[PDB]
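First structure 1, then structure 2: two forms of the same chain, each alone, as structure tokens.
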Structure 1
């Protein structure tokens, strides 16, 4: 058997004292080999006397290897204690990574295989696992950490305490992350990790739902998001050391099944998947100081460093390249990057881009500053990859970016982008009070109605968009010259590449018999295809390919018609799948998420502007009285702190007033008023001059008038921020128009 070490007492008289360790891969086998052979260090721990390893890598074949090394019978049932007394090992233990691929997939399939064939051995305690510490906390001076076996235990432990400055918190998501002394202290308490799976009462139908195919019970289970284990379930598990099958299938395997969907289907607020959101949030960061051109592989190295992107580089590089492409009929109609180089053309679907070693990239920086404003990205909920900030759960943009640009998936997801000039009409009919169709506020928001039209894109397209009852179709154009009988194709329909279209005519033997040769002299943007066809063919291709009222006789000869049908499946902001059915209700489910963020922005910058005015009044008082205070006389730093305390200057923290990054308004009012004297002490000996003082005095006057306007804005009808969300509609409209007149180069 491949990768199987047997115990020295398997099969014999104590062949019910021997257990089988089923590792996931090949590093885990070296961890188990490290731990079984301690010898002199563990007089009581496990060894190769009663434990034998095996692999599971490749899921069959290794399952037949498990059947061969245990002695399992496919025809028995193992109900009595003498049928299962002649197995070769006592139990099976799974030494699997505690991540989504480990606990969600390998252990789930191992449980489903032991459930479909021998559902008595789960009951009598034959299938086990060993559970490893997920999170540890080290404090200085002490050697012993504080080991947590779930994330909610650490979350409960962290709220009780105050100072978390001298603690370092390590996460261990996979079994290769455990260092040498950590493994040597794990396998001295080996029996306190092995937990036993009990076949729960409701586990039967859950095994059938998950590991049984795509059906309606599964498709209505996955529409609600993962619910974590509570405190009582956790305490019961750690008391009796028994795990129900239902709790494992309801936490780990469901998180794995929703892990995949979140990679293929976009969130409906911004219209982006998880990888594209890492790419956008990294591209705002690296092109913030200087908007120079980085190569695609250098920007890929940045995004895989700072945004925690771990799926290799080829998916990353092709997503960066797909973020920059601006040919007619491409995915992004409003790209977030500018393509300095050659990124691909419409003729073979955008897959003829250059090597990423040769092509540069840089931000839009005029579109992207008016669509995703930087004074809202401090207020969005973030994801935390091993206790580090990575990216938002979702961006909230100024216009609904999920119905505005094309997108498809080879879960069914297909979006056909909607016209700009009539989503702007209904957003500005929602907001503007004096707009004479503000009765979209109630008729169309309480229940779903229709007041303003919303039709497909029709941009970079010279065909025709025609509606037949309930569908739209996209047509092409052609021109015929009967003097030499050649058909020239001038426009393909939407999203159809040209090399695939030519080979689509090549592989049709039924209509290759009417043409002689076909060649394309098209250029990078337009279409010019010459169809050299045989003589006496113009009159018979009209009398075989029938004139339908939809598709006329030359169109169905040349395949010049496409169907616009759309699958509107998205992802909830909390988790789970929405099956929308109209393009209206996506934006009606987007509008309540925007105005709340306007109100929260206005209140937070109201508070920060208060204490900015305070600290700069204090520093302009210092730079007037500094000629007579003469702090160079004094001996040290705390003496100058005392003397500045005697003259009535407030102590303040200078790092938190100038840059409140992610602190909430309660944190801004609790611990931002006590501090020290460094806003005065670390001056520049250039702010003491008279022109600097003049600049700072007019700056304090600007902030006071701004405070007056913010307090005016927070009591505006219809809601706080209506007169700051129309001007951002105008700014993003002006940047879109300035980008459509430059071929998205922004000169």
Structure 2
């Protein structure tokens, strides 16, 4: 066996007292070696006397060879279990879903499939290392939480976190030397035995069996965090049910694996694309100066917590800036300066990231993704730092607005962009109260039927879109020269690369028989392929390929027909996988999220306006009464605060009121009334004049007018923010038109 360190007592008289520390990889093996050889100033801790190490079906073959397990044995009795070389096997995997969810899950499935009696009687354990450590100022011993729920509960009991620094250890390689010493000093109090319950068999069959339907049904919903009672019981008896592990960690790992290929139906982008968009918004906010692709990728990795390889990051950055006929992005996020790709190679002929540059399409991103609503979306947190939002909610349904296809395997995703005019008409009819077939559209939405039509986008396509049965076909255009006998292909079908199409024709002998030569003089955007045929071949070509209503004889000969198959599989905002049948369902699912976002924006604006009005009124009152109060004579802040409280001045938080970044409306109303009176003592000398008071009065008047406008907006029919939604739709349409006029180079 390779990478196996046997214990001194393994396989001997005290073999049942031994342990086998199954390490995830090389880092886990290094940590285990450091802990086991630490037994110099550690009499109570473990050592190599009873603890062995191994690195994690050849690996499983080595595992069974070391443990001395028997395939034909059941280990239902103690005498049969005593033949094992080791008392128990302990898996040392990182707390991240990639390691504990996959490797430990596979090991548990293996053991359950072959030797379950070991699992029920107790043979498999796991190394539960502290997930989160909170260090105080002046206190050496930290507070350790094994789950994020426990840390959240503890932080709910903390008045302030200024004196506490929080460190997340999601991998075994994140533990420092003294932290490793601390964990291995209490090694016996940190191993957890796995147990089998009634639902464990069904969960194992679902997550590791050959039935894909059960797996898809189980993965339809999200991952539920462990209930505090379950966590408390686990910490109490030091036993972890297999069902809980399979339902939480394995499900999270599988959902994360799917989420890397399947986009959300609200914004149409995956996690990597959302990170790239957030990094682009943050990076180009100060100035829209051009930056190289690798520099922007480094910025995204540094700020947006993009821990994957830079190759995929650069590829996605290049794809987000591509703009050519048949490209994935009809409205790309970034303006690309340089050679970012051509339709002939399907965007695979892009320049090196060291040369091409990216810029933020501010006039489009600002309108499609409002900055005001960016403070209201739920954000994902990576090691306690605010990363990109969980999902973006654009003004228009960007999920169905662009060409989408999954190049990988394991999940089929393919969407064809719908027409901009049809989508705009549908959304405007839904939103506008004074619009034909508005009530009819709402009634149809309630009964889930379609009234207004949705058609595939015909932009950047000089072909023909036809409907046959329930399918949509795209036909390229060609012109034939009888005198020259050659055929000039002028337009390929939708999203058909030129080089791949030419090679596909060249790979067929039946078509190669009638074709003598193929030359590609197509421009960067316009296709022009000359196919020189053998003499006297038109009649033979017509006879070989009979003409039908579905397609022409030459169209069949040259394969100038493409089928628009759509696979509408998306990720729900609260986790899980959702399957749609038509784009109407996607639009109907996206609409309520945007309506709720508009309502939330209006409500938070109302709350912040009320707080600012209160602050300004208090400031004006203090300005008026400073002559009689004479607060400038006092020195201490406490005396001034007490006299202001006696006079009735309300206490407000300066920072939260003036900078309400990410505070929810209930949170904003909760913690804004426990501030101080700093806003009064911080007033400038020039601000005590009559002119400053008049300016503040004018500001109060304009803010009050905005408050009445917001209040009137909140009562708008059918839902609040309808006029704002229509205005933003008009702005987005204008930005899209301007981008299309200038080839998405806004100048």
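Rigid core (definition): largest C-alpha set, two forms, superposition within 1.5 Å. Residue numbers count along the first chain shown, from 1.
Treating the chain as two rigid bodies that shift between structures 1 and 2, residue 704 and residue 470 fall into separate rigid parts, each C-alpha being assigned to the part whose superposition fits it better.
Hinge angle between structures 1 and 2, smaller rigid part versus larger, from C-alpha superposition: 21 degrees. The shift recorded for the CA atom of residue 444 between structures 1 and 2 is 2.6 Å, with superposition on the rigid core. With the core fitted, the CA of residue 699 sits 5.8 Å away from its counterpart between structures 1 and 2. Per-residue C-alpha deviation between structures 1 and 2, core superposed: residue 689, 11.7 Å.
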